[PDB]
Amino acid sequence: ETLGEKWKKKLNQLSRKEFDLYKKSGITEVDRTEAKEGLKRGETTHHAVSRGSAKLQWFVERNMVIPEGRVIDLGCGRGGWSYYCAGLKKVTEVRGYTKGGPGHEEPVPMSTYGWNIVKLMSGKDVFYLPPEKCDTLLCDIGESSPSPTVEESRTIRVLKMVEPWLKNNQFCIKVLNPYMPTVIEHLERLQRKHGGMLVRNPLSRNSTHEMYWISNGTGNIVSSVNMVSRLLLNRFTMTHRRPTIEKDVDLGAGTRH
């Protein structure tokens, strides 16, 4: 049994109180108060539509994925990754796909900087989408469950779905459950063919073991995964540490050339 699986069982043992104290212990998170207030008033400039704009920003500002050209955003939800990429100088097109409907977030229209190169499309199940030419492949799909075997299957399905989109392009792909042995085997095969590394984002909650497979990096996958399981296990053992609060992103306004 893996370190990750032991973490999961401990997480499933927690009360809602213990869980709520645990999920943010020691993490980093952005302050959404201003954005939530302005979005509630219908403002369409400056605000990120979700915490996701800041999450992708963390990887980009570290050169782990460098978005360029035609960007595909699989599972875009409200659009936080798509709107963020739309303001980056090398990006020329952003196409987001998400399921919508009951249980799922719908794209939110915005006029943040570069909005004119974004098209977000709801009613799209990516597991039925034919792959398209693109220079950056982004994917943030993976629903948590209390069952890690369910999570194993959802993770493997995503990795099998993304591979035909990958053709010597930039990428950032969520790996919901990276500690199950079968997932490891797949990731190791994928890194051999397409390179990259798995990376833990500091803005991810302790309630998920998600890691992101990014195109610009090298490293040992098993080692990076076990380090996260050790980190998440250690955070059970202490009284809640309040999260390191950071400033949310300002996505600006206006068209781009």
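When you see a residue number, it is the position in the sequence shown, counting from 1.
Higher mean CA B-factor, judged across 136-144 and 161-169 from the recorded values: 161-169. In this entry, the higher average B-factor at the C-alpha atoms falls on 32-40, of the pair 32-40 and 204-212. Within the listed group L74, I156, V94, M110, the record reports its top CA B-factor for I156. Across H46, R189, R51, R70, the entry's maximum B-factor at the CA atom is seen for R189. The deposited CA B-factor of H104 belongs to the middle third of values across its chain. Among the modelled residues of its chain, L56 has a C-alpha B-factor that falls in the lowest third according to the deposited record. Among the modelled residues of the chain, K23 sits in the lowest third by CA temperature factor in this PDB entry.
In the PDB entry, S122 places in the lowest third of its chain by CA B-factor. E5: CA B factor lies in the lowest third for its chain, per the PDB record.
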